[PDB]
Amino acid sequence: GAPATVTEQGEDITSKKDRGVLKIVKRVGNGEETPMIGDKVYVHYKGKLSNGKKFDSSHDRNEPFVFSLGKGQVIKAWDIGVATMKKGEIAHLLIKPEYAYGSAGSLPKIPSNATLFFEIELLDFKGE
Ligand SMILES: COc1cc2cc(c1OC)O[C@H](C)CCn1cc(nn1)CCCCOC(=O)[C@@H]1CCCCN1C(=O)[C@H]2C1CCCCC1
């Protein structure tokens, strides 16, 4: 399925090149600009434990998910990954625990050493 396809075909967007955050662009966006640290970012997303065991979508709450980029309001993988995206882009991310919730996890939703999968649509972003 989609997690395995990211494993096989995704780009490693980590600085360390440790395969900690792998990306596939599923729908191309527009514009020269990508978000930068500080911007208010609007997304829709579907996320799950990569083994399908738990799911979460912004659509469940009938509203976009909003955060400030590069401020650690989200897991590291989102600060890295969303910074690569264009407005209108849909991307798949597959994320090792080091760029998510680590060995501690974040129970009850996230166990120790969990790999995460997200589909993210970047709706908009605005400068601080
Ligand atoms: C581990 O805790 C959670 C994980 C995830 C979602 C969580 C969450 O909180 C309980 O709640 C939803 C986003 C709704 C409430 N909320 C929380 C925050 N803003 N709104 C702020 C904190 C968000 C932390 O989440 C994240 O950094 C990532 C990336 C942004 C979307 C949500 N993220 C998650 O890790 C989900 C998780 C995905 C895998 C399946 C279980 C939920």
Side-chain angles (χ1 to χ4, degrees), residues 1-15 17-29 31 34-39 41-45 47-52 55-70 72-75 77-85 87-108 110-125 127:
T5 292
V6 181
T7 291
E8 290 171 31
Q9 304 179 12
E11 177 185 355
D12 187 350
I13 64 167
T14 65
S15 297
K17 296 293 186 283
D18 60 16
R19 294 177 52 82
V21 184
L22 297 167
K23 182 184 180 196
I24 300 177
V25 176
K26 299 304 284 181
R27 187 183 71 193
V28 169
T34 57
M36 299 159 132
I37 294 171
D39 297 350
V41 177
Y42 301 74
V43 304
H44 271 302
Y45 76 90
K48 60 173 171 173
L49 306 180
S50 65
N51 66 15
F55 302 76
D56 165 47
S57 173
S58 53
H59 294 300
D60 301 336
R61 295 181 297 271
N62 304 118
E63 68 182 17
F65 180 77
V66 181
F67 73 102
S68 298
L69 187 70
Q73 291 173 9
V74 291
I75 57 171
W78 269 51
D79 280 339
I80 294 165
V82 174
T84 75
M85 294 182 70
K87 185 174 181 178
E89 184 178 314
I90 301 178
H92 286 179
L93 300 182
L94 191 68
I95 301 160
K96 293 187 178 176
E98 295 73 22
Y99 293 86
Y101 300 96
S103 59
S106 192
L107 285 176
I110 316 292
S112 178
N113 294 331
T115 295
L116 309 185
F117 172 87
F118 293 86
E119 178 174 284
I120 304 173
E121 180 173 349
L122 180 55
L123 305 165
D124 205 3
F125 59 97

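First listed ligand is number 1; within each ligand, the first listed atom is number 1. Note that these values count all heavy atoms, side chains included, but never hydrogens, waters or copies made by symmetry. Position 1 is the first residue of the sequence, and the numbers go up from there.
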| With a 4.5 Å heavy-atom cut-off, do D79 and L69 have their side chains touching? | yes

| request: Output the list of atoms in ligand 1 that are nearer than 4.0 Å to some heavy atom of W78, sorted by atom number. | output: 29 (C), 30 (C), 31 (C)

| Any N/O pair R61/ligand 1 closer than 3.5 Å | no

| Trace of the side-chain contact (heavy atoms from CB on, under 4.5 Å) decision for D12 with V21 | CA-CA 6 Å; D12 187 350; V21 184; 5.7 Å; no

| said: Once you restrict to heavy atoms under 4.0 Å, what part of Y45 touches ligand 1? Side chain, backbone, both or neither. | reply: side chain

| Does the side chain of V6 reach to within under 4.5 Å of the side chain of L93, using non-hydrogen atoms? | no

| task | Give a yes/no verdict on whether any heavy atom in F118 is under 4.0 Å from an atom of ligand 1. | result | yes

| Taking only residues two or more places apart in sequence, or in another chain, which ones meet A2 in a side chain to side chain contact (heavy atoms under 4.5 Å, CB included)? | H92, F117

| Atom indices of ligand 1, in the order listed, that fall short of 4.0 Å to a heavy atom of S106 | 1 (C)

| With a 4.0 Å cut-off on heavy atoms, is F117 touching ligand 1? | no

| field | Backbone or side-chain N or O of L49 under 3.5 Å from ligand 1 N or O | value | no

| task | For the pair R19 (side chain) and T7 (backbone), establish whether a donor and an acceptor sit closer than 3.5 Å, ignoring hydrogens and angles. | result | yes

| Among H44, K26, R27, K87, which one satisfies side chain to side chain donor-acceptor pair (under 3.5 Å) with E121? | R27

